[PDB]
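These notes concern the structure reproduced below.
Quick reminder, even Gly has a Cβ in these numbers, built from the backbone with ideal geometry, and neighbours come from all protein chains shown. Nothing in this text is a laboratory measurement; each read-out follows from the coordinates by a stated rule.
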Amino acid sequence: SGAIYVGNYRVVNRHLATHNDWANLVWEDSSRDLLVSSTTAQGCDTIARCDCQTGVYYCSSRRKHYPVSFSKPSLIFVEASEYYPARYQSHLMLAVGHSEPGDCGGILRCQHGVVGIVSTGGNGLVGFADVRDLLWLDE
Ligand SMILES: COc1ccccc1CN1C[C@@H](C(N)=O)CCC1=O
Ligand SMILES: [Zn+2]
């Protein structure tokens, strides 16, 4: 679990969105595994606007943060789960590291701010859904 809070927005993994997230929907994209809902409270996370390929992510299945190198956002084939059939997920970044389904929502950060959230894993890889291209999150 986990979310990003910036301004009047809440960014979560689309497959973990609640009834309240869907009742206050701002934007969602199944191909990216992202959903953004509106909030009444003001959030103060900072979104990165950069092309970093190194950062640190939080792994709840180890209660640890890990430094990683990751690929630039791209279209990657993701095996089926109970939430999606096998498909290409867009705007995904991969790194070598540990990830279990419950790790989804853990933040990946660089020196400029939040880069994305855990969205995929297995076979010793971890995948992060990018948010750096969503410029409207700041306004
Ligand atoms: C071993 O599978 C994983 C490991 C870490 C994280 C996630 C998974 C598998 N997964 C993929 C998600 C997606 N983005 O398509 C949907 C929910 C889910 O359980
Ligand atoms: Zn950066």
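Rounded to the nearest 500, the helix-only mean residue ellipticity at 222 nm of the chain stands at -500 deg cm²/dmol, with each DSSP H run of n ≥ 4 adding -39,500 (n - 2.57). For the stretch 45-139, relative contact order (Cα pairs under 8 Å, six or more residues apart, normalised by length) works out to 30 percent. Ranked by the mean number of other Cβ atoms within 10 Å of their residues, highest first, the peptides 16-27, 45-56 come out as 45-56, 16-27. The chymotrypsin sites (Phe, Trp or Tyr not before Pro) found in the stretch 56-134 include none that occupy coil by DSSP while having at most 10 further C-beta atoms within 10 Å. Any idea what % of Cα-Cα pairs in the chain are farther than 19 Å? Summing the P(r) tail past 19 Å for the chain gives 46 percent.
Between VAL11, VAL78, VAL126, the residue with the greatest mean-square fluctuation in the GNM of the chain (Cα pairs under 10 Å linked by springs) is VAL78.
Taking a sphere under 14 Å around the Cβ of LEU35 and counting the other residues whose Cβ falls inside, with K and R at +1 and D and E at -1, yields a net charge of -1.
Largest GNM mean-square fluctuation across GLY121, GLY43, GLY113, computed for the chain with C-alpha springs under 10 Å, falls on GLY43.
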